[PDB]
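As structure tokens, the structure follows; a few thoughts come after it.
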Amino acid sequence: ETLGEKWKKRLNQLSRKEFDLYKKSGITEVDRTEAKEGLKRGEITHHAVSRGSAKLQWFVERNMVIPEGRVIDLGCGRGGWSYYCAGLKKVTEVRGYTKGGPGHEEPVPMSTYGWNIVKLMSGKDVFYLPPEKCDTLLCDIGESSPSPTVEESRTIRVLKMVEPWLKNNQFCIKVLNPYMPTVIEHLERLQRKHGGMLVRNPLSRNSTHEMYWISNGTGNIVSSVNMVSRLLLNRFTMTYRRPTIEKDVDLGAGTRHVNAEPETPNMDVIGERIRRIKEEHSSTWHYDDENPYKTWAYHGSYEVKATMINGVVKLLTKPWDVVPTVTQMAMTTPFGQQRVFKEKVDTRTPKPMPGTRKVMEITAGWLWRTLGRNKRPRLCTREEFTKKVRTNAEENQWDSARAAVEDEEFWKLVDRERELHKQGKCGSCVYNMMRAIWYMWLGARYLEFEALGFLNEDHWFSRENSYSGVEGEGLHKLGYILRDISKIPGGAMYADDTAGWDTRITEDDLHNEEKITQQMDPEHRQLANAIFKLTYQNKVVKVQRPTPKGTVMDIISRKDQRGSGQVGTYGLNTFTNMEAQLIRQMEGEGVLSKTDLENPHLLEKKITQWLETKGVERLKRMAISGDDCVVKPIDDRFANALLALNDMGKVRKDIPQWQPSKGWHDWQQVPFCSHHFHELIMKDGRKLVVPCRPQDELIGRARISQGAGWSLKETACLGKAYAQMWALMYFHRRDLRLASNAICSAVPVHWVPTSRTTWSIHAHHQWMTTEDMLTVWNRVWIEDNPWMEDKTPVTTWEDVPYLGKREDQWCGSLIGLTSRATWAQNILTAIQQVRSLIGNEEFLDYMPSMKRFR
RNA sequence: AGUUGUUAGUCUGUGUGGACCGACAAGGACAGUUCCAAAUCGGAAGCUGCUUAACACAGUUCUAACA
Ligand SMILES: *OP(=O)(O)OP(=O)(O)OC[C@H]1O[C@@H](n2cnc3c(=O)[nH]c(N)nc32)[C@H](O)[C@@H]1O
Ligand SMILES: [Mg+2]
Ligand SMILES: [Zn+2]
Ligand SMILES: [Zn+2]
């Protein structure tokens, strides 16, 4: 009696809930709720048809099977495997076959990336098929039954049918029941004939002993079968473990043209960088050929080594241990990194139409002329960069940066590279996507700062100067900016997000952002042109990648797709967004039609006049920051001006490509910088405007102390910083104010907060002091607030207003539940516990600041 | 394998429709006197001293078990 059948019988002797829980013990699962909803609604993009997509992705990622050439899918069913395989590099045609009909699944015609090369046929049983020549053969046929002999016979039938297909080609066949002696003998004969191994997918439910026979990979069948069987047996009596969760597979959209995907790099521009990278790592450099990069270039790879809850906060915010999102925030590996790269960065946006490029050029020229009506560009200096680094104004490894700045050979390296830039070549300007390496990277950043740092150090995109940007405001002013927008006559307030803004920057966008050089001086212009044309339009990137033989860093390159970690990313993103929404408003007002977009030479007098007359006005109906936009057009035709927006390649997120945009009317609901804004009324009758966000996110981000040092002296100070931020910006949430008072009461008063709380450009970090928080609140919201005419100070933490209970609950509070009530009443005990744990330092009771404990 | 459904009760929304209103407050929540609401009284309507409906349609209301 083999082990497998023993497992089968033991399983067959289970009960209802015992079965329901044992089938999900220690397996990984895919959150299909979003996909289920989307498919139910009727979307045609960005969605896996079933869970077959992730199941095959697990194989494809680890190079167990490498789909290539023509892919034949047998038993495609809904089409998960076929649609996933349509979006790989070497694949060129996918044919899926299935029985279909009553009691069977049918293909779901969709338009994910690569749909134009996929043909799915129904009403064809594969068993009576005249097998053809296939370069990849995927088979996912099988029907599980309690009877083991029936499954055995079914398995033999499947293997017999599938054998005449395998003619030295990549394959992945599903074997439902591999623990039977004749099944095993047949598998061994097949392996001897064709090679390949037998492996278990970890996404497969626990109820089944299914495995997959795959081409790339060798091993012993019986040993692996026994290994899986023993795993099932030990999971039988193993304590229930909740199933690990994995994010669903994204699949892009649009037709795929394989003949236009590969990129031809300007080797004479990046050759020096590539050569230096090769020389530094010459022991392991090797042109791997299994590279999955479709739209980027590939140049090589080298081996490399592959590379916590805050105690105090978690000890004081217990009731949220059960909220799902709070934990889910806490949960960068090369597998996840590669998935992110494959489904987000590795696309190719179609070229704009002939008229659209002309429109974009005209708009960019006018916009750069208008932005520079007062200020003039200037070179930054070494001392400015030094000061900015020293003040520590997206990581924590700043001390090494400061040491590099204060060193001297570093500046010699920078000078050498700068002379190279003046010549017209770039040697060591290459950036990652995760100490000589440190100095080269920091020097590249410094040169970019020197050339394009005036876009921040002179506030080129402040609200006063740019008419749209919100640089230099901070959170406590975006609300008033939105309110002042809403008073302007017009339609709704559309905040249409864009999917992966960085990765949708056409070449023309860079060519237009380059126009700022037309206003500098030649000594500056040489350096700026060097930056633009040698490290923005020809970028060389390193990226990790896992392979059966460890982790290798790939070196790739591309010409579009502004890298997210460059100086001047914010400024140029804001500029592109401003001109994009300007064009969208242009179309919305009828000046720009389809015919105008299509003709190669649209007359520019019309656009010139429209801009010169109304551009400044239409620029005041917006609030822009990076990819975040809010726009209030004159009439609601704006919601249907999607030709210009989609043609430029800026496709909106989570909405079909042509469904008109949905705009709000209550400005207190329009999202902006991941916040919305509430208008409070104090007892004095003078109104405040405050930020707000689903407080699960706030608590989560408070419980994810990230490299702040394990030192209790440091985690406590980080918690204090978070609490003071809560008291200063989110004082109007009952849970947040209560928890903030608790934390600030359970940390010694003399300790100084460190380890900055947020990375957003919209935080001036007023909470990072040691002062009477009431005074800082007064300074932030009363004295230094341009929108508060009556400067009468607030004297105690009781005149400070609160959100209405309805809105407070609606934004994710926990008032009205029993656990929160008990926590609120017992908060003194938890404070005492933290005080005892800390030591014997001074503690001020901030709880009496509420009328609860007074 | 992928897919994954019924049954009964309960919370929304709407309509039909006489189909509700006010005062009040036990108690709870909240910590900004800020909100819930039993029980009671008063009125309103219906069928004669008693009642505050019932049904319909839809849910990612919740519950509870069955394929
Ligand atoms: O993961 P999946 O293959 O979808 O599980 P299935 O529900 O399809 O069942 C497969 C396999 O599991 C056994 N089984 C199903 N339902 C069961 C039950 O209620 N109680 C027991 N003890 N076993 C059960 C069945 O053998 C079937 O072949
Ligand atoms: Mg099943
Ligand atoms: Zn360089
Ligand atoms: Zn809110």
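Ligands are numbered from 1 in the order shown, chains are lettered A, B, ... in the order of the structure tokens, and residues start at 1 in each chain.
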TODO: Give the residues of chain B that lie within 8 Å of chain A; count only C-alpha atoms (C1' of nucleotides), and format the answer as a VMD selection string.
DONE: chain B and resid 1 to 3 29 to 32 34 to 35
Taking only C-alpha atoms (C1' of nucleotides) and all ligand atoms into account, which residues have an atom no farther than 6 Å from ligand 4? I'd like them as a tab-separated table (two decimals) with C-alpha atoms, in the first residue's frame.
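Result saved to part04.tsv:
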```
chain	number	residue	atom	x	y	z
A	692	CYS	CA	-8.07	62.87	6.41
A	693	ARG	CA	-7.57	59.32	5.20
A	811	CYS	CA	-13.62	57.16	7.42
```
TODO: Name each residue within 7 Å of ligand 1, counting only C-alpha atoms (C1' of nucleotides) and all ligand atoms, as a ChimeraX atom specification.
DONE: /A:11-16,19,23,144-147,205-208 /B:1
- [ ] Excluding segment 57-60 of chain B and residues on its chain fewer than 3 positions from it, collect all residues at most 12 Å away from it, counting only C-alpha atoms (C1' of nucleotides), and give them as a list in words.
- [x]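 Selected residues are residues 33, 34, 36, 37 and 40 of chain A; 11, 12, 13, 14, 15 and 16 of chain B.
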Resulting file, chosen residues, N, CA, C and O atoms (P, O5', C5', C4', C3', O3' and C1' of nucleotides), as a PDB file, in the first residue's frame:
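In the end it all went to part-v2.pdb:
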```
ATOM      1  N   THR A  33     -10.739  38.429  -5.368  1.00  0.00           N
ATOM      2  CA  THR A  33     -11.966  39.188  -5.136  1.00  0.00           C
ATOM      3  C   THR A  33     -12.077  40.351  -6.107  1.00  0.00           C
ATOM      4  O   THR A  33     -13.135  40.578  -6.707  1.00  0.00           O
ATOM      5  N   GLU A  34     -10.986  41.091  -6.290  1.00  0.00           N
ATOM      6  CA  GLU A  34     -10.985  42.153  -7.284  1.00  0.00           C
ATOM      7  C   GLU A  34     -11.238  41.594  -8.670  1.00  0.00           C
ATOM      8  O   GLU A  34     -12.031  42.148  -9.436  1.00  0.00           O
ATOM      9  N   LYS A  36     -12.721  38.736  -9.423  1.00  0.00           N
ATOM     10  CA  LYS A  36     -14.077  38.216  -9.517  1.00  0.00           C
ATOM     11  C   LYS A  36     -15.052  39.348  -9.779  1.00  0.00           C
ATOM     12  O   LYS A  36     -15.894  39.266 -10.680  1.00  0.00           O
ATOM     13  N   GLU A  37     -14.912  40.441  -9.029  1.00  0.00           N
ATOM     14  CA  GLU A  37     -15.789  41.585  -9.230  1.00  0.00           C
ATOM     15  C   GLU A  37     -15.630  42.155 -10.628  1.00  0.00           C
ATOM     16  O   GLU A  37     -16.623  42.457 -11.300  1.00  0.00           O
ATOM     17  N   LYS A  40     -17.180  39.965 -13.226  1.00  0.00           N
ATOM     18  CA  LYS A  40     -18.631  40.041 -13.111  1.00  0.00           C
ATOM     19  C   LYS A  40     -19.160  41.310 -13.757  1.00  0.00           C
ATOM     20  O   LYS A  40     -20.168  41.282 -14.470  1.00  0.00           O
TER      21      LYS A  40
ATOM     22  P     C B  11     -34.213  43.243  11.187  1.00  0.00           P
ATOM     23  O5'   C B  11     -32.884  43.837  10.533  1.00  0.00           O
ATOM     24  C5'   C B  11     -31.914  44.517  11.318  1.00  0.00           C
ATOM     25  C4'   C B  11     -30.811  45.095  10.464  1.00  0.00           C
ATOM     26  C3'   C B  11     -31.231  46.160   9.460  1.00  0.00           C
ATOM     27  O3'   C B  11     -31.347  47.454  10.022  1.00  0.00           O
ATOM     28  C1'   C B  11     -29.914  44.551   8.363  1.00  0.00           C
ATOM     29  P     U B  12     -32.102  48.611   9.205  1.00  0.00           P
ATOM     30  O5'   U B  12     -31.107  48.971   8.014  1.00  0.00           O
ATOM     31  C5'   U B  12     -31.531  49.808   6.952  1.00  0.00           C
ATOM     32  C4'   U B  12     -30.587  49.758   5.777  1.00  0.00           C
ATOM     33  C3'   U B  12     -31.098  50.452   4.523  1.00  0.00           C
ATOM     34  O3'   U B  12     -30.848  51.846   4.543  1.00  0.00           O
ATOM     35  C1'   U B  12     -30.317  48.292   3.959  1.00  0.00           C
ATOM     36  P     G B  13     -32.067  52.887   4.459  1.00  0.00           P
ATOM     37  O5'   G B  13     -32.399  52.931   2.905  1.00  0.00           O
ATOM     38  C5'   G B  13     -31.357  53.032   1.948  1.00  0.00           C
ATOM     39  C4'   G B  13     -31.846  52.654   0.577  1.00  0.00           C
ATOM     40  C3'   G B  13     -33.295  52.997   0.283  1.00  0.00           C
ATOM     41  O3'   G B  13     -33.463  54.353  -0.077  1.00  0.00           O
ATOM     42  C1'   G B  13     -32.823  50.797  -0.452  1.00  0.00           C
ATOM     43  P     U B  14     -34.838  55.102   0.262  1.00  0.00           P
ATOM     44  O5'   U B  14     -35.852  54.527  -0.819  1.00  0.00           O
ATOM     45  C5'   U B  14     -35.578  54.658  -2.204  1.00  0.00           C
ATOM     46  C4'   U B  14     -36.478  53.778  -3.028  1.00  0.00           C
ATOM     47  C3'   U B  14     -37.961  53.904  -2.742  1.00  0.00           C
ATOM     48  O3'   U B  14     -38.531  55.038  -3.355  1.00  0.00           O
ATOM     49  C1'   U B  14     -37.374  51.622  -2.931  1.00  0.00           C
ATOM     50  P     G B  15     -39.823  55.722  -2.707  1.00  0.00           P
ATOM     51  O5'   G B  15     -41.011  54.795  -3.212  1.00  0.00           O
ATOM     52  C5'   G B  15     -41.168  54.525  -4.594  1.00  0.00           C
ATOM     53  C4'   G B  15     -42.106  53.373  -4.819  1.00  0.00           C
ATOM     54  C3'   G B  15     -43.416  53.432  -4.056  1.00  0.00           C
ATOM     55  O3'   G B  15     -44.362  54.300  -4.655  1.00  0.00           O
ATOM     56  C1'   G B  15     -42.496  51.257  -3.902  1.00  0.00           C
ATOM     57  P     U B  16     -45.492  55.005  -3.756  1.00  0.00           P
ATOM     58  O5'   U B  16     -46.600  53.876  -3.607  1.00  0.00           O
ATOM     59  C5'   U B  16     -47.065  53.178  -4.749  1.00  0.00           C
ATOM     60  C4'   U B  16     -47.747  51.897  -4.359  1.00  0.00           C
ATOM     61  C3'   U B  16     -48.783  52.011  -3.258  1.00  0.00           C
ATOM     62  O3'   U B  16     -50.027  52.534  -3.698  1.00  0.00           O
ATOM     63  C1'   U B  16     -47.380  50.177  -2.811  1.00  0.00           C
TER      64        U B  16
END
```
Task: From A:95, A:275, A:32, A:425, residue lying nearest ligand 3 [only C-alpha atoms and all ligand atoms] - done: A:425
